[PDB]
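Peer 1: Kindly return the folded structure for what I paste below:
(chains A, B, C, D, E, F, G, H, I, J and K, ligands or ions: 4)
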Amino acid sequence: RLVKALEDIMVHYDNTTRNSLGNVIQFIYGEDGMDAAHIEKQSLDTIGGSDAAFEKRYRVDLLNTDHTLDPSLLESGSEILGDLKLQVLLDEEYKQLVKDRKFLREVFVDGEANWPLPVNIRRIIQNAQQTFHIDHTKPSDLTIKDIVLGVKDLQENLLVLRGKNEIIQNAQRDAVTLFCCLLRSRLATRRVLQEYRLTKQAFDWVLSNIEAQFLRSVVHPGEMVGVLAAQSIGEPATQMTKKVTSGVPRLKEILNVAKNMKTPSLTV
Amino acid sequence: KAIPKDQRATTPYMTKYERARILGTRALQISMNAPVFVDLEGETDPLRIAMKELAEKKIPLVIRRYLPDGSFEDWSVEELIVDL
Amino acid sequence: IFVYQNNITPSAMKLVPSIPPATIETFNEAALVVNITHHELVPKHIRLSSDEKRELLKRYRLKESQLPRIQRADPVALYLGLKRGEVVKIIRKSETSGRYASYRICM
Amino acid sequence: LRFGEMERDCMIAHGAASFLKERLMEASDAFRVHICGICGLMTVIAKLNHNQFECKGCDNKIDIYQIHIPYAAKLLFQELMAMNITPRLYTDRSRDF
Amino acid sequence: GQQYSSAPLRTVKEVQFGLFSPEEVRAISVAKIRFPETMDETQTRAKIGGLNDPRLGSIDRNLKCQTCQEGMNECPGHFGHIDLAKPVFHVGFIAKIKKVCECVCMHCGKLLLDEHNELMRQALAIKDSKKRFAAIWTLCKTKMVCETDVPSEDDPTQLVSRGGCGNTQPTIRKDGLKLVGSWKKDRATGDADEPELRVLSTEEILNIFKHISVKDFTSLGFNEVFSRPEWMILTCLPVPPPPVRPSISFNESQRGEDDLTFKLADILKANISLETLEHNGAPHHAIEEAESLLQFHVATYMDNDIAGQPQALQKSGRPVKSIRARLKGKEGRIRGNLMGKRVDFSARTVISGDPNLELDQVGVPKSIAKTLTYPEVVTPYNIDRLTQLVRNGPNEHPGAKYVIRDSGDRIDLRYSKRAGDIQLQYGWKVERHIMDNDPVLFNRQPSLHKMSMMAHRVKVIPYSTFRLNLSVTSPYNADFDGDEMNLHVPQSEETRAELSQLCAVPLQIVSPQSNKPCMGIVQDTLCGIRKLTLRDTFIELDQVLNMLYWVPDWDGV
Amino acid sequence: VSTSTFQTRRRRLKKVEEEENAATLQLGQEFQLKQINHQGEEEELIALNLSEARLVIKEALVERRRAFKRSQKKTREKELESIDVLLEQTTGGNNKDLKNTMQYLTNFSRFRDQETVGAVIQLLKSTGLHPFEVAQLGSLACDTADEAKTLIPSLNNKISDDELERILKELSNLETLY
Amino acid sequence: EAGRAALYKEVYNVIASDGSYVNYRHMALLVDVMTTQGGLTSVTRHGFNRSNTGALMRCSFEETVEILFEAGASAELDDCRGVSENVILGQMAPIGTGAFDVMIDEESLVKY
Amino acid sequence: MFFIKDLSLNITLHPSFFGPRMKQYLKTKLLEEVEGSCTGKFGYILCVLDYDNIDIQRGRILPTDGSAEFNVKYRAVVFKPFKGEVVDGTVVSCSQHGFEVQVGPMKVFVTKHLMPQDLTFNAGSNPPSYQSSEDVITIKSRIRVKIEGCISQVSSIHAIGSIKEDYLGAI
DNA sequence: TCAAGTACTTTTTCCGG
RNA sequence: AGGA
DNA sequence: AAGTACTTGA
Ligand SMILES: [Mg+2]
Ligand SMILES: [Zn+2]
Ligand SMILES: [Zn+2]
Ligand SMILES: [Zn+2]
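Peer 2: Numbers count the residues shown, from 1 in each chain, chains lettered A, B, ... in the order given. Ligands and ions are numbered 1, 2, ... in the order given. See below for the structure:
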């Protein structure tokens, strides 16, 4: 039944998910427009922890002697203290990070940080480190503009929908929303410099890889997502063995849209 | 109706299916004694000849990509990116 | 809008469509004790202008058939006072994308 | 052996469109009928040798196409006809959408 | 092997469903189809100019078709006809016929409700050709009177005249293949109390339906071109050709006629009794008696498993197979012959695991490789290889079974007097044995996954089992307690590309089902991998050097 | 496989009416006044008077001989022999139809030169007559307006007898003196 | 809309209860398919199989002959867009490999 | 009469031809098929015009076989005869039944009865002739005929005609 | 006019006498 | 009547 | 094992 109901569903060349009638089922495959093969459980660091520890991790204040990036972290360090124009970029950055935190907390209400997302950023950084033999002693050759702006740029190229118009462009922004919270959380200035200790080259390479990887991760028009979905529920149903009616018989109850159900219950 | 080259908006990259069907097609054509657009550097299997043709983007084929409405965008195997 | 206590007799109900271009709505006071729109599972629905809809259809190369449907009688379709053919943009949160925008045409 | 419905599903799941066609056609059933372009039926008296085509009761000696369908489908169509249903087969479109 | 045809080859872009007009049936008909006798021209074994080939398709295998010439494999059947003595309901439409009567005037053929009723113009508005008919019926069923004058689209004082006729409409109920009404009546304003009880004849319903306006019937489901309502009532019956009802001709002088061949003879016989009965001194009851039976046979021929109990059982007890029965789900036409099919170039045996096979390979028994064949086109690249496989013949392993020339005809290397001296020409096809590294679809049923059918590299091996790498066990859900697996061989360079490029085992590693890998290290290898990787585990040089050599891609360091 | 046209008509089930073809200017479906060229534009029917037609084919075959040699790189009784040569060069021989056609047009043309066929075409396409009549007027040599109006019965009320007779005079004056 | 959310929640619960994991998208699609109609469309013969998709497609599941008889009676036109129709017709279904078309360009051919 | 018609023939080229002389092979194949052709629908397809500009378009590769299919859009000179058409032609055949007249690619036959009464068959002549008090209709003679009707036949169109009405006959 | 039983419908993994 |  | 549709008395 799951198969025969979903057979004719597939991703079209407009990233839309339609049936044999061309009736839209999903506007973008699985609300994100990604192929599930290219997805991995990743941590959204921005979501959890104390408001205090967030600040320690993410805050750069070039106008405070104890909250500036130490000149040990980057070469610019000494000439960076007090740069008001640069602080406008780090305020921009930190403001966006706090924005993300509140948004993520709206989405995942319990504060669940681990979500399946495309592009394993943890690994790109791991690999950037052995690839470039990152010296956790010497200071980076990165500018704040190099970091802040480079990340802002990479985001514009994380394409999922291509059309030149408001609807499709707003649609692209939407589809990419979460991935960028992750992106922004993992590529914040302090983080890049203090944690990853990346060089400009390492950083440029991390960025290029995220891009390439992301693009690969998108669903292929032609992908027969209907039969996939049907079988992806069908097969696990096969291996199946307060007290509410569950398992095979509840799944049965659900697909039938059974009115006179076995265990009705409210959770007040 | 046929979307103009300057108004195309489908992936600039080649889908898994496109590539599979191109290779299948060239392999079939090569196997049916069609003219080969590249030096077979000792090659004898028509699929391996096809992969060599697609490798040098020396395949004279065009993917006509139909949209749900019925319109379409034509893309050359020369122009499509092969990140697969 | 007629916010009635218990019932509106079938005699009186005959006068509801009797005065167009004006439109009339009947709401049982008890249904409105709680706002359904405020509920966890109930996302932001937005009514689209004739231009906004025309554009949505243009942008996705759609016939009205091809759009997902909201029933005229749907609790939110009633709250918003949706009429047949009117489109709602449903902006929901996503575990996948973060924010996902769906659309529904009225019945 | 049997290439059954569930096997068809996996093939559809993979997107192996040509491999699927091949299983249902070349590897099994595959047959050639001559159909009429007016009343899309298997009616055509194809005397393919003398090159005569014809579909009397259309008087159509001209507008005639050949098609490749599974013999089981040719059968199904003949069955549906025997039962007064006309599964008229057309080689062009009219609806668009 | 079908022959060249000048006709342009096209694909079915649309299927236009409809109903047969008796006129069409008569037009397309290559014969009528007058005698229940199958053949034996007065016992003389050859088809009678009456039933099966009175110009139809052909039997005998030898002896070409009488209308086209082609014969057997090439000749599709040719339809015939039988003119029915009285009109008869098509079983499948009885209720749709009833419902149409329920909607229209059984005297003038006008819709019982129209643009004057509001609820009607509301229901008429409905776009869906089925939902619109559904709403039209619920409204008009209740209307038991064809109205002459209805109140104007303003005042109930001035009643405007629509269509004529006053006539009270019968209250229709079915009595298994028969439609019987119960007209309300009048008699001193009351009556019923005891109404008019008479059965509605096929011919009267036909005549009512014939009078239903194009606009009216088009408002109901119907279409004026392909499906007019009058077509649910059968006047002229299409006779399906022998290919539909083939005679299972066991030996020479012994028939074996199909069920449908017999059921038609029944219809034909039932028709002649009625035809002669009415042309002669019509004993009027003996007529509606002979009519009812024709209605039964034409009914059971299409559908035998009817609500109204009698099951038209063949003299053998066994009930006759309906056409409906043929097409009916899982096993039979749609589901069994079309969505599923028994297929050539397929193999199946017991499966057993191999720790020495690569993940993406499949151990194929020599016998299975020696049977399954791939059609390779003689190209300058393969020309010499293929000539040797051809020379090797069908009995050696790397060999071939057939040589197909450009000139259609297929050379059987097994018997050909020229299996030795056979010079290949470019373009010819050599049907060679399945060889090491060919791509093949390997499957384990049930097939609830796309991974239950993956593409593998052939490895021809001894012993009668399909051998698989153990890590590929899980996706298929196979074990070696006596499981069996299916193997399918592609025939096109195109088809292989689909297998190798889309469904090959390594591609299938990380599945979208759960966004994680669907294959891993199992049993011995998992059990040993723990044992091997403890702090306590140390290996002497002798074994280290062997373990190193064992890695095929080892750097040599 | 045979040839198709610009006329897209959808003959769904409804076979017939295949109404008679006569010079009541009732030519085929295919030979309708409002044709459509491959560019999709509505264009009028092109009817050639044998003299006009001879020049078209000759031109086409001449330009063909040109490309055939380019791709190879890396007095009536006298026009008859000249054409018979071009056919043996450009046409696949087997086309006996074109060989007879050319000879027919060569022995039956009224106007030898392009200059001459020019003026004929102007003179006639001022009348507003249908392409068929405009051709028949150029290909059939008539003296009485009656000769013409009888042979081309379609003309009947379409032109003045005097107007037609003025045309016929000027058509005779254009007539090539072989 | 909330009907969809509960429908997923409830479906998801059956999977996670067994202790299994199915990626969101799959469950979403089923839940969405049941939902897009405007109400709850059952994954039954009297649910989905009674939509406006092609007769041959629909006839392949549960009500076969009855479906085809109705198709005839109401002169239904099969688009031939469904996988199922192409499997019945022995054609390359508009599925992955067959979701586009391949053409030879004489121009690019003479370029090489 | 004699038209210029925009037409299109679908050709199915085998892969072995997907070389540079592909357009050349296609254009040549079109002329093979189309040129010299005869339909009832279009008449005699005589000469394909503008060889240098024949529109080959893109060829769709047919799925199971490698061959590609092009719709070769072209323009040609056609000759489609009609009933009521008055035609000039030369006699060819001549018997006790009538005489056949060659008109371009087609032959129009005139029955002894579709002729005036006076013109009678004279068997005793080399070659057989028809004789009036004024005219002698024989093998080489030029005639003006009114086509009475046409019969669409395979690789031709044959027709019947009169020389009985006014302004028809010998020229 | 509407609740309740009535007719009566329909499916169910894969592969030798 | 059995097999996974 | 659970339905859709239709018909029956308050
Ligand atoms: Mg087992
Ligand atoms: Zn026909
Ligand atoms: Zn035959
Ligand atoms: Zn009436």
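Peer 1: use CA for all of it now, contacts and neighbours both
Peer 2: Fine.
Peer 1: ok, which stretches of chain D are strands?
Peer 2: All strands of chain D, identified by DSSP state E, fall at D:2-3, D:31-36, D:64-69, D:88-90.
Peer 1: is the third one anywhere near chain H?
Peer 2: By that I understand strand D:64-69. No. Strand D:64-69 lies out of reach of chain H by C-alpha under 8 Å from any C-alpha of the partner chain, never closer than 11.2 Å.
Peer 1: That strand and chain G, any residue contact?
Peer 2: Yes. For strand D:64-69 and chain G, the contact criterion (C-alpha under 8 Å from any C-alpha) is met by D:68, D:69.
Peer 1: That strand - contacts with which helices or strands?
Peer 2: Contacts defined by 3 or more C-alpha pairs under 8 Å, 6 or more residues apart in numbering or on different chains; DSSP states H and E place strand D:64-69 against strand D:31-36.
Peer 1: Can you tell me what sits against the strand it packs on?
Peer 2: Residues external to strand D:31-36 that are found in contact with it (C-alpha atoms under 8 Å, 6 or more residues apart in numbering or on different chains): D:25, D:41-44, D:46, D:55, D:60, D:63-71, D:74, D:89, E:2, E:7, E:74, E:76.
Peer 1: Pull out the buried residues from the residues you listed.
Peer 2: Among those, those buried by neighbour count (16 or more other C-alpha atoms under 10 Å in any protein chain shown) are D:25, D:41-44, D:46, D:55, D:60, D:63-71, D:74, D:89, E:7, E:74, E:76.
Peer 1: By proximity to ligand 1, which residue of chain H wins?
Peer 2: Chain H approaches ligand 1 most closely through residue H:64 (37.8 Å), counting by C-alpha to the ion.
Peer 1: Quickly note the distance from the closest residue to residue H:104 other than its chain neighbours to chain D.
Peer 2: With sequence-adjacent residues excluded and distances taken as C-alpha to C-alpha, 6 or more residues apart in numbering or on different chains, residue H:104 is closest to residue F:101, at 4.3 Å. Going from residue F:101 to chain D by C-alpha to the nearest C-alpha, to the nearest Å gives 26 Å.
Peer 1: what does residue C:57 give?
Peer 2: From residue C:57 to chain D the distance is 13 Å (C-alpha to the nearest C-alpha).
Peer 1: And for residue G:53, the neighbour number?
Peer 2: Residues near residue G:53, counting by other C-alpha atoms under 10 Å in any protein chain shown, number 20.
Peer 1: Also the one 3 residues further on?
Peer 2: Around residue G:56 there are 22 other residues, counting by other C-alpha under 10 Å.
Peer 1: Not counting sequence-adjacent ones, nearest residue to it?
Peer 2: Of all residues not flanking residue G:56 in the chain, residue G:85 sits nearest, at 5.8 Å (C-alpha to C-alpha, 6+ apart).
Peer 1: ok, and that neighbour, which helix or strand is that part of?
Peer 2: helix G:83-89 (DSSP states H and E).
Peer 1: Quick check: buried residues in that helix?
Peer 2: Residues G:83, G:84, G:85, G:86, G:87, G:88, G:89 are the ones in helix G:83-89 that count as buried (16+ other C-alpha under 10 Å).
Peer 1: and of the residues you listed, the nearest to chain A?
Peer 2: residue G:83 (5.8 Å; C-alpha to the nearest C-alpha).
Peer 1: Check the secondary structure at residue E:543 for me.
Peer 2: helix (DSSP: H, G, I helix; E, B strand; the rest coil).
Peer 1: For it, grab the count of nearby residues.
Peer 2: 10.
Peer 1: Residue E:549 versus that one, what's the distance?
Peer 2: 10 Å (C-alpha to C-alpha, to the nearest Å).
Peer 1: Check residue E:451 too.
Peer 2: Distance, residue E:451 to residue E:549, using C-alpha to C-alpha: 33 Å.
Peer 1: of the two, who's got more company?
Peer 2: Of the pair residue E:451 and residue E:549, residue E:451 is the one with more neighbours under other C-alpha under 10 Å, namely 27 against 13.
Peer 1: tell me the contacts of the more buried one?
Peer 2: D:10, E:475, E:476, E:508.
Peer 1: Now do the phi/psi pair for it.
Peer 2: In terms of degrees, to the nearest 10, the main-chain angles of residue E:451 are phi -70, psi -10.
Peer 1: Tell me which residue lies farthest from the centre of chain B.
Peer 2: Distance from the centre of chain B peaks at residue B:69, with 23.5 Å (C-alpha atoms, centre = their mean).
Peer 1: what residue lies at the spatial centre of chain A?
Peer 2: In chain A, the centroid-proximal residue (C-alpha atoms, centre = their mean) is residue A:179; its distance is 2.2 Å.
Peer 1: Give me the neighbour count for residue A:161.
Peer 2: When counting by other C-alpha under 10 Å, one arrives at 23 neighbours for residue A:161.
Peer 1: Identify the residues contacting it.
Peer 2: By C-alpha under 8 Å, 6+ apart, the contact list for residue A:161 reads A:14, A:15, A:168, A:169, A:171, A:172.
Peer 1: go on, residue G:97?
Peer 2: By C-alpha under 8 Å, 6+ apart, the neighbours of residue G:97 are A:222, B:17, B:18, B:20, B:21, D:15, D:16, D:17, D:18.
Peer 1: give me that answer again for 10 Å
Peer 2: Applying C-alpha atoms under 10 Å, 6 or more residues apart in numbering or on different chains to residue G:97 gives the contacts A:222-223, B:15-22, D:12, D:14-19, E:498, E:502.
Peer 1: Give me the phi and psi angles of residue G:79.
Peer 2: Main-chain torsions, residue G:79, degrees, to the nearest 10: phi -50, psi -40.
Peer 1: Thought residue E:14 was touching it, still the case?
Peer 2: Yes. The criterion here is C-alpha atoms under 10 Å, and residue G:79 meets it with residue E:14 at 5.4 Å.
Peer 1: overlap in contacts of these two?
Peer 2: By C-alpha under 10 Å, 6+ apart, the residues touching both residue G:79 and residue E:14 are D:93, D:94, D:95, G:85.
Peer 1: middle-most residue in chain G, spatially?
Peer 2: Centroid check for chain G by C-alpha atoms, centre = their mean gives residue G:82 as the closest residue, at 7.2 Å.
Peer 1: before we move on, what about chain D?
Peer 2: residue D:69 (3.9 Å).
Peer 1: Next, count neighbours for the residue of chain H found nearest chain B.
Peer 2: Relative to chain B, the nearest point of chain H is residue H:16 (3.9 Å; C-alpha to the nearest C-alpha). Residues contacting residue H:16 under the criterion other C-alpha under 10 Å number 18.
Peer 1: isn't it right up against residue H:66?
Peer 2: Yes. Residue H:16 is within contact range of residue H:66, at 9.4 Å (criterion: C-alpha under 10 Å).
Peer 1: Please parse chain F into its domains.
Peer 2: Listed domain ranges for chain F are F:1-47, F:48-72+F:75-178 (source: curated CATH domains).
Peer 1: Ok, which of those domains comes nearest residue C:9?
Peer 2: domain F:1-47 (54.0 Å; C-alpha to C-alpha).
Peer 1: is any part of that closest one close to chain B?
Peer 2: No. Applying C-alpha under 10 Å from any C-alpha of the partner chain, one finds domain F:1-47 separated from chain B by no less than 13.5 Å.
Peer 1: hang on, the earlier thing: the residue nearest to residue G:56 and residue E:11 touch, don't they?
Peer 2: No. Using C-alpha under 10 Å, residue G:85 makes no contact with residue E:11, being 11.9 Å away.
Peer 1: Quick one: residues contacting the residue nearest to the centre of chain A.
Peer 2: Neighbouring residues of residue A:179 by C-alpha under 10 Å, 6+ apart: A:32, A:44, A:117, A:118, A:119, A:155, A:158, A:185, A:214, C:96, C:97, C:98.
Peer 1: so is it in a helix, a strand, or just coil?
Peer 2: Using three-state DSSP, the structure places residue A:179 in helix.
Peer 1: Distance check, it against residue A:32.
Peer 2: Distance of residue A:179 to residue A:32, given as C-alpha to C-alpha: 9 Å.
Peer 1: so what's in contact with residue H:16 and residue H:66 at the same time?
Peer 2: B:29, B:30, B:31, B:32, B:34.
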